[PDB]
Structure formats: structure tokens, C-alpha cells
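Summary of structural features
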Amino acid sequence: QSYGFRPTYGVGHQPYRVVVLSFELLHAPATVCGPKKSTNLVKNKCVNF
Amino acid sequence: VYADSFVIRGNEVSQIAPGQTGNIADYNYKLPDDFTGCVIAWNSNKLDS
Amino acid sequence: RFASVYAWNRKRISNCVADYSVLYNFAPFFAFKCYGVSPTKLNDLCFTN
């Protein structure tokens, strides 16, 4: 059927535009990452990674 | 990361959620119960009229 | 001719077969928040009054 949208109709009957983003936060190799700058590796020392 | 794009009736905007049935959520588009991500909905009556 | 807040008209509903999916075209429905009985699972119930 139709979606006849006209300015006469009030709130709720006006068209609404939606976009959904689905993520994959799970244990797997990374493909998308945020804008951060990496550093050097240190070993044999109590550090935070 | 995935993005899905579509336009619907505003009254049915709340029906895009896990564990929701009705008309749009039973025959057109369905979301999983354990979905993680975001949704973004906004009015579009200015153009689609 | 809906009455004012201080004099709210009570209407009783008796024996019938109510379909809670056709009222969606009768008003803009700015908000449709529902209490303990979920609006989704409203067709499959029987009420005293």
C-alpha cells in the first residue's frame, strides 16, 4: 500500500527518516578503530596496555 | 560496522526495537533481541511532502 | 465536545471484541506510553471491565 504524505497531516503521520548503525564488538581481528596514535613496545616491566 | 537506511511513518518509529511486533515489525523489518548499536530518527516532512 | 479536566467523563466498556490495532489512525498520538500491560501484548488478554 501507500505512504501518502501531505503537510496537512499532523505529528506522527509526517514521514520520519531513520538510519540504524549495527556494531560488531566481539573478540575478532580489528577492522575499524578510532583516531588514536600508537606508541612503542616495552617488555619485562609492570605496564598498562 | 553496518548502516541501514530507510524512511517510515513517524507513528511507527517507536516500533523499531527488540521484542516488538505490530505491522512494520512482523512483515517488513525485524531486529534481534540482543542487538547492540544505535538508531537515529528525525523528521523529514520538509522534503517528502 | 470533550469535557474539561475538572469534569472528566467516564465511559464504561462492556462485552465486545476489541481490536487494539485500528485506533492508530484516529489521532496524531504524540505519546503512547503504556503501563504494566504492554501495548504490544494487548490483543491476547481478557479483562473484567
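Residues numbered from 1 in each chain as written, not as in the entry; some residues may be left out. Chains lettered and ligands numbered in written order. Part of a larger assembly, values for the part shown. Heavy atoms only, no water. Residues with missing side-chain atoms left out of burial classes, pairs and counts.

Method of determination for the deposited model, per the PDB record: cryo-EM, at 3.45 Å resolution.

The next subject is the packing of aromatic side chains. Centre-to-centre distance and the angle between the planes together describe a pair of aromatic rings. On inspection of all chains with the given rule, the structure shows five aromatic pairs over all chains. Arranged with centres 5.6 Å apart and planes meeting at 55°, the rings of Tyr3 of chain A and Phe5 of chain A form a pair that is tilted. Centre to centre, the rings of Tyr24 of chain C and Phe29 of chain C are 6.1 Å apart; their planes meet at 65°, and the pair counts as edge-to-face. Given the relative accessible area of 30%, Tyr24 of chain C is considered partly exposed. Three or more aromatic residues joined by ring pairs make a cluster, and in this case those are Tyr24, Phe29 and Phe32 of chain C. (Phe/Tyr/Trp six-rings, centres within 6.5 Å; stacked < 30°, edge-to-face > 60°. Buried < 20%, exposed > 50% of the residue type's maximum accessible area, 1.4 Å probe, protein only.)

Here we come to the sheet that holds strand β2 (residues 37–43) of chain B. In sheet architecture, strand pairing relies on hydrogen bonds along the backbone and comes in two forms, parallel and antiparallel. Strand order in the open sheet formed by three strands is β1(B)-β1(A)-β2(B), and the pairing between neighbours is antiparallel. One side of each edge strand has no neighbouring strand; the edge strands of this open sheet are β1 (2–9) and β2 of chain B. Neighbour-to-neighbour, the strand axes of the sheet open up by a mean angle of 15°, direction not taken into account. For strand β1 (residues 15–22) of chain A and β1 of chain B, the ladder comprises eight bridges, and the chain directions are antiparallel. (Pairing = 2+ DSSP bridges. Helix = DSSP H or I, 4+ residues; strand = E, 2+ residues; numbered from the N terminus. Axes fitted to C-alpha atoms, helices over the stretch in contact; angles between N-to-C directions.)

Here we come to the interface of chain B and chain A. Each partner contributes to the interface: chain B provides 26 residues, whereas chain A provides 18 residues. Here chain B packs against chain A, burying approximately 2,500 Å² in sum over the two surfaces, 57% of which is carbon and sulfur. One can count one salt bridge joining chain B with chain A. The salt bridge partner of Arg17 of chain A is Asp48 of chain B, with a shortest N-O separation of 2.3 Å. Between chain B and chain A we count 13 residue pairs in polar contact in total. (Contact = heavy atoms within 4.5 Å. Buried area = accessible area lost by both parts, 1.4 Å probe. Salt bridge = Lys/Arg side-chain N within 4 Å of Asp/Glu carboxyl O. Polar contact = N/O pair within 3.5 Å; in protein donor to acceptor, adjacent residues only side chain to side chain.)

Moving on, we get to the side chain of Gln14 of chain A. Checked against the element boundaries, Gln14 of chain A lands in the segment before β1. At a separation of 3.4 Å, a polar atom in the side chain of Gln14 of chain A contacts the main-chain carbonyl oxygen of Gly10 of chain A. Within the structure, the side chain of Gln14 of chain A is placed 2.7 Å from the side chain of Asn45 of chain B, a separation counted as a polar contact.

Structurally, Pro15 of chain A is set in strand β1. On the basis of relative accessibility, which here comes to 0%, the residue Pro15 of chain A falls in the buried class. Along the sequence, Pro15 of chain A and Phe49 of chain A sit 34 residues apart, while their C-alpha atoms lie 48 Å from each other. For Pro15 of chain A, the contacting residues outside a window of four places in its chain are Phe5 of chain A together with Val7, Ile8, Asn43, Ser44, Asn45 and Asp48 of chain B.

Right, let's talk about a nonpolar patch on the surface for a bit. Judged by side-chain polarity, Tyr20, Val22, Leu23, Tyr24, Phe26, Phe29, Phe32, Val37, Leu45 and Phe47 of chain C come together as a nonpolar surface patch covering roughly 970 Å² of accessible area. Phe32 of chain C sits in the partly exposed class, given a relative accessible area of 45%. (Patch = residues over 30% accessible without salt bridge, like charges linked within 9 Å, V, L, I, M, F, W, Y side chains within 5 Å. Areas by Shrake-Rupley, 256 points an atom, 1.4 Å probe, with all protein chains shown as cover.)

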